[PDB]
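*Asks:* Just dropping this structure here.
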Amino acid sequence: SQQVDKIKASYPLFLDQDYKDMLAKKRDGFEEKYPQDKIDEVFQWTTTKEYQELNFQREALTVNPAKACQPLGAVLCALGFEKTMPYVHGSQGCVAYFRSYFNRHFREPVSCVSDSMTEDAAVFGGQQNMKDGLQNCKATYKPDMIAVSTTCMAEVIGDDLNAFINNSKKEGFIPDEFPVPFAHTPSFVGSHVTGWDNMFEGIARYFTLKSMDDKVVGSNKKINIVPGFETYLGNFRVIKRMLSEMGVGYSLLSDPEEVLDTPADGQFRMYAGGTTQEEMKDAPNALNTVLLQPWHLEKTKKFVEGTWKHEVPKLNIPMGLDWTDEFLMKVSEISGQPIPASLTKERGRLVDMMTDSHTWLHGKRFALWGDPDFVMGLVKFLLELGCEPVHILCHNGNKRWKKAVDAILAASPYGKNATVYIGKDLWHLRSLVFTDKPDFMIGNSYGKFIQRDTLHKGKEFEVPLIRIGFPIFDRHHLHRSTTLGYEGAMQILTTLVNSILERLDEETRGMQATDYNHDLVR
Amino acid sequence: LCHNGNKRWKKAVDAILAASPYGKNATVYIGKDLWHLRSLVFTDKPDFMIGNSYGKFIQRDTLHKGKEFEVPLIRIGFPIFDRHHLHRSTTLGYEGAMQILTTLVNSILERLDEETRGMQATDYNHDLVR
Amino acid sequence: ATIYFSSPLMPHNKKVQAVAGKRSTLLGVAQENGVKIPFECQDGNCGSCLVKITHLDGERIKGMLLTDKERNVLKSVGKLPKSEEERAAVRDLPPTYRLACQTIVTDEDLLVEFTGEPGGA
Amino acid sequence: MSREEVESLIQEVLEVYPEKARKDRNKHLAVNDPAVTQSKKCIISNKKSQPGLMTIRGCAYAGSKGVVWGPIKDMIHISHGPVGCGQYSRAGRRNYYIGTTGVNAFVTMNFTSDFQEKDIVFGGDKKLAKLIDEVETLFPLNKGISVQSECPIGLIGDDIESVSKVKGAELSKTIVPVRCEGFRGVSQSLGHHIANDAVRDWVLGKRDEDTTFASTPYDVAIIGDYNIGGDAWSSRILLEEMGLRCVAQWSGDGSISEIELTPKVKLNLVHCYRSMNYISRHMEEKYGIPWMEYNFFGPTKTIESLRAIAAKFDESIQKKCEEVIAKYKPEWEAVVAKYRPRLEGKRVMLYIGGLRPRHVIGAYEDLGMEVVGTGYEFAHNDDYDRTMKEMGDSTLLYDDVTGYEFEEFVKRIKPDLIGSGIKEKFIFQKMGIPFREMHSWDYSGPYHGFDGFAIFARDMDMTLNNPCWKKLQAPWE
Ligand code: ICS
Ligand code: CLF
Ligand code: SF4
Ligand code: FES
Ligand SMILES: [Fe+3]
C-alpha cells in the first residue's frame with residue numbers, strides 16, 4: 002500500500018511487512034536457498050587467508066576486472082578532433098555499449114556509428130558494410146572527418162581497413178580527398194588506453210607522413226601536448242590554463258573538452274571544439290612534443306621520435322608537487338619562457354595546505370587502483386603526503402611499469418609496506434583488503450561493492466572508498482574535477498583529508514560511548 | 394532560521410517563498426537559536442540540514458533518537474571547523490551554484506548509499522549507476 | 002552436432018560430427034568430409050549449394066537469422082514459399098531449403114539432402 | 004491529427020539519406036491507423052540496421068546475457084571472450100534480487116575468460132575447463148554455470164558444448180553453453196531466442212522424472228518479468244493477494260530451482276511476450292501448460308488483467324480478485340485525483356526496446372496524457388499488430404529509428420515528454436524537453452501495480468513540471 006502524501010520508491014517500500022512476508026515465503030518455498038548459517042560460514046571462509054592464497058592461484062578466471070577494450074579508448078581519442086565522427090567497423094553492440102558507458106560517466110551525449118556487421122559479414126567479410134556505412138554517415142551527419150576503429154570481430158575476420166577505405170574512395174562512395182584515418186584496435190590486446198594510443202598514432206600518421214619534406218622543427222614556436230586517455234575535463238582545463246599563464250604557445254591534440262561539456266541552451270550541438278586539422282598538419286613544425294601519460298603512449302612516442310624527429314622529453318605525469326615542478330621546468334626549457342609568479346604562488350598555497358593537513362594525512366593506509374599513469378601519480382602524491390599505499394593494483398600494467406613503481410616506492414620511507422600487483426582484478430583486491438586491512442580505498446565506482454562486503458564483516462572492518470578514477474557512476478558531476486597540476490593536487494588533498502575527517506566523525510558520534518572525541522575543531 | 398535577521402528581511406523571504414510552489418511548507422524564523430532548530434528538526438524532520446559546523450551536534454542528537462531519525466548536515470557557511478580547506482570554496486555566481494548543486498546531490502547520494510549498504514537486507518537498492 | 006549427409010550420388014549416407022557455430026559453414030564441414038556439394042562461387046550469389054535441411058530433433062530447433070542475401074538467392078532459385086519467409090521473419094525459424102555456403106551449423110541433429118545439381122533444377 | 008502533415012514530415016525527413024538508405028528507411032516509418040489488423044502492409048520490422056546511421060539497437064549477447072540469463076542469481080555467468088563485453092554490461096540493468104553477493108548470489112559480478120592473443124590463436128577450450136574448475140573451487144555455493152559466448156568464440160571455432168558436457172558430467176553440475184555471439188542476429192531479439200533455446204535444451208527438462216513437489220490447483224508462473232526496480236515483486240504481491248501461488252519467476256529474482264519447477268505450474272502469466280514467447284510456446288506444446296499475456300501498467304490495465312487472470316479459475320479466485328480491487332481502489336483514485344490535473348493534455352513520445360512502448364500507454368492515458376509517437380528498436384511484426392489498436396489515429400510509428408530521424412521528428416512534433424534510454428536522454432535534455440528513462444525507470448520504481456502507479460505518476464509530475472525547463476534561454480538572449 003502507498004500513501005499519496007508520502008510515496009516510497011523501491012527503498013523503503015520493499016521493507017514493508019507484507020513484502021517481507023512475501024519474500025520470506027518465496028525463499029522458503031521455491032528458491033531452495035542454502036541455510037543462513039552455511040552462507041555465513043562460506044562468507045567467513047572467503048574472508049580468511051587460505052581463501053586469499055586460493056584466489057591468487059587463479060590463471061584462467063577473471064572476476065570483476067578493472068579495464069575496458071581498445072575501441073572505447075579509440076572512440077574517446079576520435080572524439081577529440083574537430084567535426085570528427087567515431088566509426089567502429091564491426092558489430093553494433095560494441096557501439097551501443099561504448100555510448101552507454103560514456104553517457105553514464107560524463108552525463109553528456111556521445112556520438113558514434115558502426116557498420117553493424119552481421120552473419121553475412123562473418124562469412125563473406127564486411128567491405129560492403131564499410132562502403133555503405135561511410136557513405137551513409139557522410140550523407141547524414143555531415144562530418145569533416147571519419148575516424149575508423151575496429152572491434153574484435155573485424156580483427157578475427159582479418160578485415161583490413163586500408164584496402165576497404167581505398168576501395169570506398171575509388172568506387173565513389175566518398176570523395177577521394179575526404180580524410181578517413183583508421184587504426185587496428187583489437188580488444189584482446191592491451192586495454193582502452195592502448196586503443197587511444199593506436200587511434201592517435203593512426204590519425205597522426207594519416208596527416209603527417211606524406212608531407213615530411215617541407216617540415217622544419219620549431220618553425221611555429223609551439224609545443225605539442227598529447228593528453229592521452231583522459232576522463233577529467235578539469236585536466237584539459239588546467240593544462241590549458243597553466244600553459245596560457247606562462248606565455249607558451251601550445252597546440253593541444255585530441256581534446257574532447259568542448260564536445261563533452263556543451264551548454265544546454267535549447268539546441269543540441271553534435272560537434273563542438275576539438276583539434277583542428279591544420280593543427281595536426283602543422284604538428285611536426287612544433288619545437289617538441291610532450292606526452293602527459295607516457296606509459297600508454299609508447300607507439301605514439303615511437304612514431305613522433307622516428308618521423309617528426311622530436312626529442313620527446315622523459316617526463317612523468319604532472320601529478321603532485323615534484324612531477325608538476327619537473328613538467329613546468331621542462332616546458333620552460335623547451336619554450337624559453339620563465340615561470341610566472343602566479344604558478345609559484347599556487348605552489349606555495351599547495352605546500353601550505355599540505356603542511357596544514359599533514360597531521361591528519363600522516364600514517365594512513367590506502368589501497369588504490371586505476372590506469373598506470375594515474376596510479377603512479379597517485380602513489381607519488383601519497384608518498385609526498387606521508388601516506389602509506391599498502392596495496393597498489395593495475396590490471397593493465399606491464400612489468401616495466403611495476404619496476405618503475407617499485408623504484409619510486411623504494412626511494413621513500415613510506416613505501417616499505419607497499420606491494421604492486423599487475424594482472425590482478427578487484428576480487429584479488431577484495432581478498433587483500435580483507436586480510437591486510439587498509440584505511441581507505443581509492444578507485445572507481447566498482448569498489449563500492451567491496452566496501453559493502455567489508456561492512457558485512459562488521460563496522461570495525463569496513464574500508465571506505467574514495468571515488469577517483471574512471472568510471473564514476475554513483476556520483477554526479479565528478480568528471481569536472483581536476484587531477485593534474487597544482488590545483489589537481491589540492492583537490493585530491495582536500496578529498497582525502499575531508500574523507501578522513503568524515504570517517505572519524507562518523508565513528509565518534511555515539512552518545513556516551515564515543516562522542517567524547519566528537520570535537521568541534523579538527 | 395536566521396538569528397540576526399530583521400522584520401523586513403523576514404517579509405522579503407516570505408515574499409520570495411510565496412512566489413514559488415515549493416515554499417508552501419516553509420517557515421522563516423528570526424531571533425531563534427540552534428536549540429529552536431534542534432526542536433524543529435526533532436518534531437518536523439527534514440531530509441538534511443545546511444549550516445556551519447555547530448550543527449554537527451544536532452545531527453548527533455538525532456542519531457541518539459535513532460538511525461531513521463538522523464538528520465545529516467551539509468557544511469555551507471561560516472564557521473567550518475571540523476573540515477579542512479573548505480574556505481576556498483565558491484558560493485556566488487555560476488561557479489558557486491555549480492559547487493552547491495554538486496555538494497547537495499552528492500550528499501543525497503552518499504546518504505542513499507549508506508542507507509542501502511546492508512547485505513541481504515537493503516542492498517537490493519545498492520545501484521552501481523545513480 | 003550430428004550431421005547426416007544424404008544424396009542419390011552417395012551410395013551411403015554419412016554421419017559426421019561438427020563443431021557448432023564455426024565461422025566455417027556447412028560447406029566447410031562438407032568439404033572436410035569429402036561430401037561433394039557443388040560450390041560454384043565465393044560471394045554467395047550463385048545458389049548452386051542449395052540443400053534441404055531437416056531437423057531430426059524437432060524439440061531442439063535453434064532460432065537463427067536468415068540474411069537478406071540468402072533470402073534473395075532462395076527467391077531467385079524458387080525454394081522459398083511466402084509462408085516460410087513469414088515464419089523466418091516473425092518467429093526467426095529457418096526455412097526448409099538452405100545454402101550450404103551460408104548455413105551455420107547449430108547444436109542439433111540435422112539431415113542434409115542434395116541432388117548434385119545447382120539450385121534451380 | 005494532421006495525417007497528411009505527418010506523411011509530409013516523413014518525406015522531408017527521409018530526404019537527407021542516400022537512395023538505398025532512404026528506400027529502406029521509408030518502410031520503417033508509418034502513420035498509425037487503429038483499424039489495421041496486419042502490420043505487414045503498414046510497417047516493416049526485424050531487419051538489419053543501415054550501416055553508419057547511429058542505431059540504438061544492441062547485440063545478441065546483450066539480449067541473452069544482459070537480459071534473460073543475467074537476473075538468475077544463484078548461477079554464475081561467464082562472459083567467454085575479451086574483457087569489454089562483460090565490463091560494459093556489469094550492473095547496468097536494475098534486475099533486483101535478494102541474496103549475499105559473492106557467496107550465494109552473483110548478479111552484479113563480472114566473470115570473464117579475458118581472452119588474449121594466444122587465446123585467439125590457439126583456442127580457449129582448455130582455458131574454459133580450467134576456468135570452470137577455478138569457479139568451482141572459489142565459489143562452492145553456486146548452483147549452476149552458464150557460458151555466454153561473445154564474437155571471437157564463434158569466430159575462431161571453439162567447441163564450448165563439448166566442454167560444457169564434459170565438465171557437467173565430471174563435476175555433476177549444470178553447465179549451459181549459450182551461443183550468443185553479437186554478430187548473430189540484428190538486435191537483442193535473437194539473443195532472447197538463443198537464451199530461451201538454451202534454457203529449454205539444458206535446464207528446463209531436469210525435474211521431469213520426479214514428483215516430489217506438491218502441486219496446487221492455483222499454481223501460476225510469472226514469465227518475462229525481470230524485476231526492473233522491483234516490478235516483479237509488486238506483481239507477485241498483487242497475484243498472491245488474489246489467492247494464487249507463484250512458483251516461478253522468469254527471471255528477475257529468479258533461481259535455477261524455480262526454473263526447474265516451472266513445468267509443474269497450472270498457468271503461465273507472460274508479461275514480456277517478445278523475450279519469452281518461445282519458452283511459453285514450448286511449455287504449452289510439451290507439458291500442456293496454458294499461457295496468457297497480462298498488463299500491470301496503470302490501474303485500468305491492472306484491473307483488466309487481474310479480472311482476466313481470475314476468469315481462468317474457480318469463483319473463489321474471482322471473489323478474492325474483487326476483494327483486492329476493492330482494497331486497492333482508493334489508493335490509485337487518490338493518486339489520479341492528485342496528479343492528473345497537473346499532467347492532463349500533455350503529449351508524450353516514446354521509443355523503447357520491446358513491448359514497453361505499448362504497455363505503458365494505458366498508464367499514461369490514466370493520467371490524461373496522450374501518446375503521439377511510439378516505436379521499437381527490435382520488435383517484430385506481431386508486436387506492431389498488438390500496438391496498432393492501442394495507439395490513436397494519425398500518430399507516428401517508428402522501427403529502428405536513427406538519431407537524425409528521432410531528432411527531426413521530435414523537433415517538428417515538439418512533444419511535452421520523451422521516454423527513452425540513456426543514449427537519447429542527454430540529447431533531448433539539452434533541447435529543453437523533459438526526458439524520462441523508460442528502461443531503468445530513471446533509477447526509480449517499481450512501475451507495476453498500483454504501488455508502481457503511484458511512483459510512476461510522481462515521477463512524471465516531477466520531471467514534466469520542473470522549474471529548470473523554464474530557464475533554458477538566457478534573459479539577454
Ligand atoms: S525483456 Fe527487453 S530494452 Fe522485454 S531487451 Fe530490454 S526489461 Fe526494454 S522494452 Mo531495456 S523487450 Fe524487458 C526490455 Fe523490453 S532490458 Fe528491458 S527495458 S520488457
Ligand atoms: S557485439 Fe556483443 S557486446 Fe559487442 S564485442 Fe560482440 S559480443 Fe561483445 Fe565487448 S569486447 Fe569490445 S565491446 Fe565489442 S569490441 Fe570486442
Ligand atoms: S537445369 Fe538446365 S540451365 Fe540449369 S544448370 Fe542444369 S542444364 Fe543448366
Ligand atoms: S556456393 Fe554459390 S551460393 Fe553457396
Ligand atoms: Fe549533462
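Protein sequences appear in the order of chains B, D, G and A.
The numbering of the first sequence is PDB author numbering, which starts it at 2 and goes up by one.
The numbering of the second sequence is PDB author numbering, which starts it at 394 and goes up by one.
The numbering of the third sequence is PDB author numbering, which starts it at 2 and goes up by one.
The numbering of the fourth sequence is PDB author numbering, which starts it at 4 and goes up by one.
All C-beta atoms, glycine included, are put in the ideal place defined by N, C-alpha and C.
Determine, using beta carbons only, whether B:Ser-117 comes closer than 8 Å to chain A.
*Replies:* Counted from its first residue, the first sequence places residue 117 of chain B at position 116. Chain A, which has a Cβ nearer than 8 Å to the Cβ of B:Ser-117, makes this yes.
*Asks:* In chain order, what residues have a CB nearer than 7 Å to some heavy atom of ligand 4?
*Replies:* Matched residues: G:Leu-28, G:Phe-40, G:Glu-41, G:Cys-42, G:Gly-45, G:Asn-46, G:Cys-47, G:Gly-48, G:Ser-49, G:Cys-50, G:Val-74, G:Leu-100, G:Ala-101, G:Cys-102, G:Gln-103.
*Asks:* Roughly how far, in whole angstroms, is the beta-carbon of B:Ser-255 from the beta-carbon of B:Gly-81, given that I think they are within contact range, below 8 Å?
*Replies:* For the purposes of this step, residue 255 of chain B is identified with residue 254 of the first sequence, where counting begins at 1. For the purposes of this step, residue 81 of chain B is identified with residue 80 of the first sequence, where counting begins at 1. Right, the Cβ-Cβ distance comes to about 3 Å (below 8 Å), so this counts as a contact.
*Asks:* Taking only three categories from DSSP, how would you classify A:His-451?
*Replies:* By one-based count along the fourth sequence, residue 451 of chain A stands at place 448. DSSP places A:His-451 in strand when its eight states are reduced to three.
*Asks:* Compare the C-beta of B:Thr-495 against all C-beta atoms of chain D and say whether one is closer than 8 Å.
*Replies:* For this step, residue 495 of chain B is matched to residue 494 along the first sequence. So yes, B:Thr-495 belongs to the interface.
*Asks:* Starting from the C-beta of D:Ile-493, find all residues in its chain whose C-beta is less than 8 Å away, skip the five residues before and the five after it, and write them out in chain order.
*Replies:* Counting from 1 along the second sequence, the entry for residue 493 of chain D is found at position 100. Once the five neighbours on either side are set aside, the close Cβ partners of D:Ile-493 are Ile-469, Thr-484.
*Asks:* Taking the straight line between their C-alpha atoms, what separation do you get for A:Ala-108 and A:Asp-77?
*Replies:* Taking the fourth sequence and counting its residues from 1, the one referred to as residue 108 of chain A is at position 105. Taking the fourth sequence and counting its residues from 1, the one referred to as residue 77 of chain A is at position 74. Computed Cα separation, rounded: 5 Å.
*Asks:* Could you tell me if the beta carbon of B:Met-23 falls within a distance shorter than 7 Å of some heavy atom in ligand 2?
*Replies:* Numbered from its first residue, the first sequence carries residue 23 of chain B at position 22. No, since every heavy atom of ligand 2 falls outside the 7 Å radius drawn around the Cβ of B:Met-23.
*Asks:* First and last residue of the beta strand (DSSP E) that includes B:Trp-370?
*Replies:* Position 369 of the first sequence, counting from 1, holds the residue named residue 370 of chain B. Looking at the DSSP string, the run of the beta strand (DSSP E) that includes B:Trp-370 is 366–370.
*Asks:* Would you decide whether D:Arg-401 is buried or exposed? Buried here means 16 or more other CB atoms lie within 10 Å of its CB.
*Replies:* Taking the first residue of the second sequence as 1, we reach residue 401 of chain D at position 8. Exposed: under 16 other Cβ atoms inside 10 Å.
*Asks:* Who are the neighbours of G:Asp-44 on chain B, taking C-beta pairs under 8 Å?
*Replies:* Here residue 44 of chain G refers to the residue found at position 43 when the third sequence is read from its first residue. Those within 8 Å of G:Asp-44 in chain B are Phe-125.
*Asks:* Give me the chain A residues within the contact set of D:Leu-521, using Cβ-Cβ distance strictly less than 8 Å, ordered along the chain.
*Replies:* Counted from its first residue, the second sequence places residue 521 of chain D at position 128. Within chain A, the residues near D:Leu-521 are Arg-93, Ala-94, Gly-95, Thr-111.
*Asks:* State the start and end residues of the unbroken alpha helix (DSSP H) segment that holds B:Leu-73.
*Replies:* In the first sequence, counting from the first residue as 1, residue 73 of chain B sits at position 72. Unbroken alpha helix (DSSP H) run through B:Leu-73: 71–79.
*Asks:* Using the beta-carbon of each residue, which ones in chain G are nearer than 7 Å to B:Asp-121?
*Replies:* The residue you call residue 121 of chain B lines up with position 120 of the first sequence. Correct list: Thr-68, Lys-70.
*Asks:* Is A:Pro-449 close to chain B? Criterion is C-beta to C-beta, closer than 8 Å.
*Replies:* Taking the first residue of the fourth sequence as 1, we reach residue 449 of chain A at position 446. Yes, because at least one Cβ of chain B sits closer than 8 Å to the Cβ of A:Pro-449.
*Asks:* Should A:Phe-429 be listed as close to ligand 5, given that the test is whether its C-beta is under 7 Å from any heavy atom?
*Replies:* As a first step, residue 429 of chain A must be located in the fourth sequence, where it is residue number 426. Indeed, a heavy atom of ligand 5 lies less than 7 Å from the Cβ.
*Asks:* Which residue marks the beginning of the alpha helix (DSSP H) containing A:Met-441, and which one marks its end?
*Replies:* Here residue 441 of chain A refers to the residue found at position 438 of the fourth sequence. Per DSSP, A:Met-441 belongs to no alpha helix (DSSP H) and is neither H nor E.
*Asks:* Tell me whether D:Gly-444 sits in a helix, a strand or coil according to DSSP, three-state version.
*Replies:* Counted from its first residue, the second sequence places residue 444 of chain D at position 51. It is a strand residue.
*Asks:* When you measure from the CB of D:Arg-468 to every non-hydrogen atom of ligand 1, does any distance come out below 7 Å?
*Replies:* As a position in the second sequence, residue 468 of chain D is number 75, starting the count at 1. No, Cβ of D:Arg-468 sits at least 7 Å from all heavy atoms of ligand 1.
*Asks:* Let me have the residue list for ligand 1: C-beta closer than 6 Å to any non-hydrogen atom, ordered along the chain.
*Replies:* This criterion selects A:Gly-66, A:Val-70, A:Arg-96, A:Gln-191, A:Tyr-229, A:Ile-231, A:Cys-275, A:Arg-277, A:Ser-278, A:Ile-355, A:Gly-356, A:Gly-357, A:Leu-358, A:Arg-359, A:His-442.
*Asks:* To test your reading of the DSSP string, which unbroken alpha helix (DSSP H) runs of 4 or more residues are found completely within the region 429–516 of chain B?
*Replies:* For the region 429–516 of chain B, whole alpha helix (DSSP H) runs of length 4 or above, ordered along the chain, are 449–458, 486–508.
*Asks:* Tell me the rounded alpha-carbon separation between A:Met-352 and A:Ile-421.
*Replies:* Locating residue 352 of chain A in the fourth sequence gives position 349, counting from the first residue. Locating residue 421 of chain A in the fourth sequence gives position 418, counting from the first residue. About 5 Å.
*Asks:* Measure the beta-carbon distance from B:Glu-258 to B:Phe-230 and round it to whole angstroms, keeping in mind my assumption that it falls under 8 Å.
*Replies:* Residue numbering aside, residue 258 of chain B sits at position 257 when the first sequence is read from its first letter. Residue numbering aside, residue 230 of chain B sits at position 229 when the first sequence is read from its first letter. Wrong, their Cβ atoms sit about 14 Å apart, outside the cutoff.
*Asks:* Since B:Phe-103 is in the alpha helix (DSSP H), which residue starts that stretch and which ends it?
*Replies:* As a first step, residue 103 of chain B must be located in the first sequence, where it is residue number 102. 93–107 is the extent of the alpha helix (DSSP H) around B:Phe-103.
*Asks:* List the DSSP bridge partners of B:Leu-394.
*Replies:* Walking along the first sequence from the start, residue 394 of chain B turns up at place 393. Answer by DSSP bridge pairing, in chain order: B:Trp-370, B:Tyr-422.
*Asks:* Note the first and the last residue of the continuous beta strand (DSSP E) segment covering B:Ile-224.
*Replies:* For the purposes of this step, residue 224 of chain B is taken as residue 223 along the first sequence, with counting starting at 1. Counting along the chain, the beta strand (DSSP E) containing B:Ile-224 begins and ends at 224–227.
*Asks:* Identify which residue in D:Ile-409, D:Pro-439, D:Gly-448 has its Cα closest to the Cα of D:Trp-428.
*Replies:* Residue mapping note: residue 428 of chain D aligns to position 35 of the second sequence, counting from 1. Residue D:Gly-448 is the option with its Cα nearest to D:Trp-428.
*Asks:* Got a sec: which bits of the region 432–451 of chain D sit with their beta carbon under 9 Å from any beta carbon on chain B, in order along the chain?
*Replies:* Cβ contacts with chain B come from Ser-446, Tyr-447, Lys-449, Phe-450.
*Asks:* Check the Cβ of A:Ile-197 against every Cβ in chain G and list those closer than 8 Å, keeping chain order.
*Replies:* Within the fourth sequence, residue 197 of chain A is the residue found at index 194, counting from 1. Going along chain G in sequence order, the residues near A:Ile-197 (Cβ under 8 Å) are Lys-63, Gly-64.
*Asks:* With burial defined as no fewer than 16 other Cβ atoms inside 10 Å of the residue's Cβ, what is the status of D:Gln-452: buried or exposed?
*Replies:* Taking the second sequence and counting its residues from 1, the one referred to as residue 452 of chain D is at position 59. D:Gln-452 is buried by the Cβ-count criterion.
*Asks:* With DSSP collapsed to three states, give me the class of G:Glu-114.
*Replies:* Along the third sequence, one-based indexing puts residue 114 of chain G at 113. Three-state result, G:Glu-114: strand.
*Asks:* Closer than 7 Å from C-beta to any heavy atom of ligand 3: which residues, in chain order?
*Replies:* Per the Cβ criterion, the list is G:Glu-118, G:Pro-119, G:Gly-121, G:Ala-122.
*Asks:* Could you tell me the alpha carbon to alpha carbon distance between A:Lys-417 and A:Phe-456, rounded to whole angstroms?
*Replies:* As a first step, residue 417 of chain A is located in the fourth sequence; it is residue number 414 there, counting from the start. As a first step, residue 456 of chain A is located in the fourth sequence; it is residue number 453 there, counting from the start. Near 26 Å, if we compare the C-alpha coordinates of A:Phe-456 and A:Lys-417.
*Asks:* Please identify the residue among B:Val-124, B:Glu-507, B:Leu-383 whose C-alpha is closest to the C-alpha of G:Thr-68.
*Replies:* One-based indexing of the third sequence puts residue 68 of chain G at position 67. If we check each option's Cα against that of G:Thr-68, B:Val-124 comes out closest.
*Asks:* Does the distance from the C-beta atom of B:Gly-127 to that of B:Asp-160 stay below 8 Å?
*Replies:* Within the first sequence, residue 127 of chain B is the residue found at index 126, counting from 1. Within the first sequence, residue 160 of chain B is the residue found at index 159, counting from 1. Going by C-beta atoms, B:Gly-127 is nearer than 8 Å to B:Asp-160.
*Asks:* Got a sec, what are the start and stop residues for the beta strand (DSSP E) A:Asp-402 sits in?
*Replies:* For the purposes of this step, residue 402 of chain A is taken as the residue at position 399 of the fourth sequence. It spans 399–402 - the beta strand (DSSP E) in which A:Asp-402 sits, taken as one unbroken run.
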